[PDB]
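Number of protein chains: 2
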Amino acid sequence: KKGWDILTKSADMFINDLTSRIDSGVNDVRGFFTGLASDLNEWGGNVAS
Amino acid sequence: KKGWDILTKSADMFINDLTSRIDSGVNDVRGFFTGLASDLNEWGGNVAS
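Those protein sequence lines, which keep their order, are chains QI and QJ. Quick note: the deposited numbering has the first sequence finishing at residue 244, numbered continuously throughout. Quick note: the deposited numbering has the second sequence finishing at residue 244, numbered continuously throughout.
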């Protein structure tokens, strides 16, 4: 039982990386919403001025 | 008995994985909230202009 955990040291860390791949989700929307805000602050702030 | 958790610790991990859809995927506690905090800069940029 000691001499095998090395074989899930692999399985479980792949699932950790898959959390990082799922971490595309929040970083996408966080990027999109603040990108939209930046464009709206641009066209708004520019057309206003 | 050693290797006979390999394909099944992973069977824990396959939803330790998919629940990352909440911690990293949609992640509403960050997703839209980081939006809302930037809307204040849109409002501020406009109002100041």
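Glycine residues also receive a C-beta, built at the ideal position from the N, C-alpha and C atoms.
To the nearest angstrom, how far is it from the Cα of residue i to the Cα of residue j?
i: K204 of chain QJ; j: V224 of chain QJ; result: 29 Å
i: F209 of chain QI; j: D207 of chain QJ; result: 13 Å
i: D234 of chain QI; j: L202 of chain QJ; result: 49 Å
i: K197 of chain QI; j: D212 of chain QJ; result: 25 Å
i: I217 of chain QJ; j: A232 of chain QI; result: 24 Å
i: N222 of chain QI; j: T214 of chain QJ; result: 17 Å
i: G220 of chain QI; j: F227 of chain QJ; result: 12 Å
i: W238 of chain QI; j: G240 of chain QJ; result: 11 Å
Going by DSSP in three states, residue i sits in which element: helix, strand or coil?
i: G198 of chain QJ; result: helix
i: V242 of chain QI; result: helix
i: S233 of chain QI; result: helix
i: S215 of chain QJ; result: helix
Among the residues of its own chain, which have a CB less than 7 Å from the CB of residue i, if the five just before and after it don't count?
i: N236 of chain QI; result: none
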